[PDB]
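Asks: Take this structure, written in structure tokens, and hold onto it; I'll ask about it next.
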Amino acid sequence: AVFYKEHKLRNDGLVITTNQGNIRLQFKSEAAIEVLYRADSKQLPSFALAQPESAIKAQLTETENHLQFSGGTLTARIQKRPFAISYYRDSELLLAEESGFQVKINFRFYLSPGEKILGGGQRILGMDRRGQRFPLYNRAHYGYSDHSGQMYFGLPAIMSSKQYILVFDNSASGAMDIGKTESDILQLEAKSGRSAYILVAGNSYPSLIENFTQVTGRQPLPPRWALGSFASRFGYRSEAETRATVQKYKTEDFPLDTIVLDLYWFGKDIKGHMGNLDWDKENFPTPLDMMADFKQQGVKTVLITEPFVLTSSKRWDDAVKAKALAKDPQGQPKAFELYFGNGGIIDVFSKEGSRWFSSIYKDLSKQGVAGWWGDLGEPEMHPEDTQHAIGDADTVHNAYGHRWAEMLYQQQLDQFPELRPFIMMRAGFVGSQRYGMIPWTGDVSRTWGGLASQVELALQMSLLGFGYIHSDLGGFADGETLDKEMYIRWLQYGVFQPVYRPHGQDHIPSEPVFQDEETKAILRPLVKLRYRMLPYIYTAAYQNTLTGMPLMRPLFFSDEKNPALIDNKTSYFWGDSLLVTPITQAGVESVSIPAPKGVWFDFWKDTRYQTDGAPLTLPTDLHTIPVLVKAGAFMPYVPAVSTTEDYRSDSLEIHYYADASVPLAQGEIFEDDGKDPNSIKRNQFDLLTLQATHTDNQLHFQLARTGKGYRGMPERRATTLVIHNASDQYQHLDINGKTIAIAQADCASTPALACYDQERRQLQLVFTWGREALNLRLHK
Ligand SMILES: *[C@H]1[C@H](O)[C@@H](O)[C@H](O)[C@@H](CO)[C@@H]1OS(=O)(=O)O
Ligand SMILES: O=C([O-])C(=O)[O-]
């Protein structure tokens, strides 16, 4: 039994007092509200919020039975007796408290009938998680396949078909019950920690995500090289083996940006060395030379680190001496029995642990390390009586990796202010994207089921802030012999997901360069294609930095008024223009693609398909996976390079997919130096835009560039524009008023400026795209 007693305004925040205590309401933006219960008391601070202290000016009005606290779009409606807060966008009800806050920590809300609920981060349960209950405790799920209620990276958040996001801003061991125990109740629970939630609203899913990342944090543009080809396994045993692998990429003609070094870099066994955090010199005798030799070939080195320091490690005594480790309640270093041996955990929440760990990263980064892999940050083992500077293990658990990322991010920005940090980690929290976290989906089994789950996992993480979620390509765990077909399918899909990082236990090769001739003949052109497509991918990355928009988008974005599409986890958008349907079983001979209505082209074959709703059946082959291009797409390409260190857009090739059904279309290509963390803030970029206007007798392109450019930007780019499904009735072309005849023969065999290929229905234009505006007009 809870009821309103009184309220005060204090610094734009509403402080309500009930019989049970104080409640602080602060708008963190016009569409986002933080609700803090037990506001009177000492609590852990917010982890989810980018600006925890902020509170924007809202309006307050009072009635007999209710209070109303409003920003721009979002309104909190506070019923006085019994006490219950509900949330409105306009006057549409988003979410209503049931009993609300109780005692343990517990929050209870009503779910509306038919409401679909995404969220929880990494689970394999179906896209709509309504009807499920699961814990909020980051934890390993080694060898998972087609099911999981609990994995490496849970998020205490949900997204609803009402277009709100709800965050439980609490770091502790907890649980979420999404209308499972009681049909119409969403319940959030924790053992301890902060008693706060955050509601974010939007008018569309893109706007919701923009609003969410506004208040939780925007991912800073990663270095372009993170969009490249990684060489990885668990693990290279020696400097000789790592060098032989870089070489294998060069001798096999596969692109390679980065090689990743797993735990053998600091010791010859899996057990007993963790915490050494220094080179095993018997096996890596000349590591500075190794890294410099790789950097000459345009190849970066990334090293694994973990939170644990073993008692058998060279750094135990020093970490104890420095007070860097978490303690027991008695005050001494907490040691416990990991797989690797008896050891402690670095306390990234303390000043002393942060300084000791940071100094180690600094030293290795000085030696030549370009990037960092933080594994086991769940933490993988985290006994409940472990004490951190700000709380016990069970209170801080789900924020350990998040703070570990923050610590490493700040450290890398301090050491290399002119570089973009690369931080790859397994476990975080809501907002960890603001520290550049690039998550992967853990120790997936080498099964079709493991592959068939990756889209669900990726979309779930993308929707709640994590654009660079990806999988270990080809699979990680167990197996005795390569499953060739599954491997190929997984590396094909790889091209159309955020990070191209095949990785697996080393009794079976993860790297495509160690595969048989047929496998390499299939994958080599695809890995190159990933490089040729860098302007498409880097431009989606740019939009993710700008607005939260994930790189992988779900089918349901295509029609916001058809909630049944939410269930789809087999087809997704890669950027604006490509609808990808990975093949996730052996021997599949054809697929049915639930393409949204409109006109679509086969990416590989150029076939045009029109549909008014019905799915398209495409045949499959072993050399590709089904990809459709949306009519009105501009697909930009550059020539393939071996490494992004050689990236140039001096030569562009742009493919436009024309159809009269699309009378206006736009595209954009974002170019900058690929490395400057301040490029966007300072406008040190070249932003190419393209607009097509398609009427009955004309097809008009307007091309332009904005931004202040950057050092080494080409002034003039040689541009080949290829118009697919181009009319055969275009007689002339004007480029900026200068008329050019369209050749109708020998397009492939003359240096033609404009040429129509009648057999392929393609019209090719070749021109110079300089700093001034350009108009290309085709007319019948
Ligand atoms: C952590 C990662 O999930 C996996 O990709 C690594 O290859 C391995 C080895 O460092 C880690 O798992 S574990 O074996 O240490 O548990
Ligand atoms: O649609 C057109 O413009 C045509 O195909 O002739």
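The count begins at 1 with the first shown residue.
This entry, so its header tells us, was determined using X-ray crystallography, 1.9 Å.
For all residues, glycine too, the Cβ spot is worked out from N, Cα and C.
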Asks: Given that Swiss-Prot annotates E380, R426, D443, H503 as binding acarbose, state which candidate in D262, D269, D612, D621 belongs to that site as well.
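Replies: Acarbose site check in Swiss-Prot: besides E380, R426, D443, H503, the record includes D262 out of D262, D269, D612, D621.
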Asks: Between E380 (acarbose binding site) and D443 (active site, proton donor), what is the CA-CA distance rounded to a whole number of Å?
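Replies: Given the Cα positions, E380 (acarbose binding site) is 12 Å from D443 (active site, proton donor).
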Asks: Roughly how many Å separate the Cα of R426 (acarbose binding site) from that of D375 (active site, nucleophile), to the nearest whole number?
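Replies: A Cα-Cα distance of 6 Å.
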Asks: I'm trying to understand the geometry here, so how far is the Cα atom of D443 (active site, proton donor) from the Cα atom of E378 (active site), in Å to the nearest whole number?
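Replies: If we compare the Cα positions of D443 (active site, proton donor) and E378 (active site), the gap is 13 Å.
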Asks: Ligand 1 is in the model; which of the recorded positions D262, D375, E378, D443 have a C-beta less than 6 angstroms from one of its atoms?
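Replies: Close enough to ligand 1 are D262, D375, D443.
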Asks: With acarbose as the bound species and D262, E380, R426, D443, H503 as its recorded binding residues, calculate the greatest Cα-Cα distance and give it in Å as a whole number.
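Replies: Those residues reach a largest Cα separation of 20 Å.
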Asks: Could you tell me the whole-number distance in angstrom separating the Cα atoms of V103 and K104, on either side of the 3 residues that were not modelled?
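Replies: It comes to 6 Å between the two flanking Cα atoms.
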Asks: Compile a sequence-ordered list of residues in the same chain as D262 (acarbose binding site), six or more apart from it, whose Cβ lies below 8 A from its Cβ; state 'none' when nothing qualifies.
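Replies: Non-local contacts for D262 (acarbose binding site): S232, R233, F234, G235, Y236, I304.
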Asks: Can you tell me how far the Cα of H503 (acarbose binding site) sits from the Cα of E378 (active site), in Å?
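Replies: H503 (acarbose binding site) and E378 (active site) have their Cα atoms 20 Å apart.
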